[PDB]
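What follows is a single chain, given as structure tokens, in the form deposited in one PDB entry.
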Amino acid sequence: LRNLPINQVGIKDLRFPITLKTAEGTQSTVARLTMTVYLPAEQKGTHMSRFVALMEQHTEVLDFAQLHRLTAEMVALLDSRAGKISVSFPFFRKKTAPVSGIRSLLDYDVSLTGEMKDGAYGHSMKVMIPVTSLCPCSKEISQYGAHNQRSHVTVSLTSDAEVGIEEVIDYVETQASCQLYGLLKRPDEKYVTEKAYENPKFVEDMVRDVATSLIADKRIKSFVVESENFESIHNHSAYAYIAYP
């Protein structure tokens, strides 16, 4: 009676090397894990070492099928009816400069979550995409130039069928004033400077353009789109978010 069920208990911020397979290829990265299970009112404690045992023994490449298997195996190993695994890591993608064709990596921040509830599995994801934002107000009121800055666009979603990390990346980067590259030659820098100027967007415009795409995707049951613009003229950020439905 005095006793209460605990929504989630286990371990948090275990750092662990992982290999990840997505549609575009396989890559090695380093993750932080939070691994937890439901604890019924009657049980005193969970078994904390079994969460680490699980990661040490499962050597398969991570993908959405493997995260499912892993979460199902965890709840079984932990003797629980419910649990979550959240895995956060940097994610690299090969990019090509818009004029030179010179290739370089860009880095994104990703989290993947698997959740079991009484035999039912659900999965969600989050991706932070760094883009260039350029202010339409600045350009319009100014006889020359326009302020611009890096922005972090964060998409969180839950879907029934799998949605690829790269697909979330493309939905955002398609919409940005201009996207980022690690390696830019002189013509590419001329290209990005001009495109961003040509395509100014408020933080409001950015969240709306991405949200439109996500609403259209039949896989997506709910989402949040945030955008944060590190305003180059202020020392605080412009911020917006849309949650759906």
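Rigid core: the largest C-alpha set superposing within 1.5 Å between the two forms. Only residues modelled in both forms are compared. For every residue, the number given is its place in the sequence shown, counted from 1.
From this point on, the text means the form deposited in another entry, which you will not see here.
Rigid core superposed between the shown form and the other one, residues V52, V61, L183, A41 considered: the one with a C-alpha shift of 2 Å or more is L183.
With the core held fixed, the Cα of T158 is displaced between the shown form and the other one by less than 2 Å. The Cα shift for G119 between the shown form and the other one, taken after rigid core superposition, is smaller than 2 angstroms. Once you line up the core between the shown form and the other one, the Cα of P130 stays within less than 2 Å of where it was. After superposing on the rigid core, the stretches of 3 or more consecutive residues whose C-alphas move by 2 Å or more between the shown form and the other one are 96 to 102, 182 to 184.
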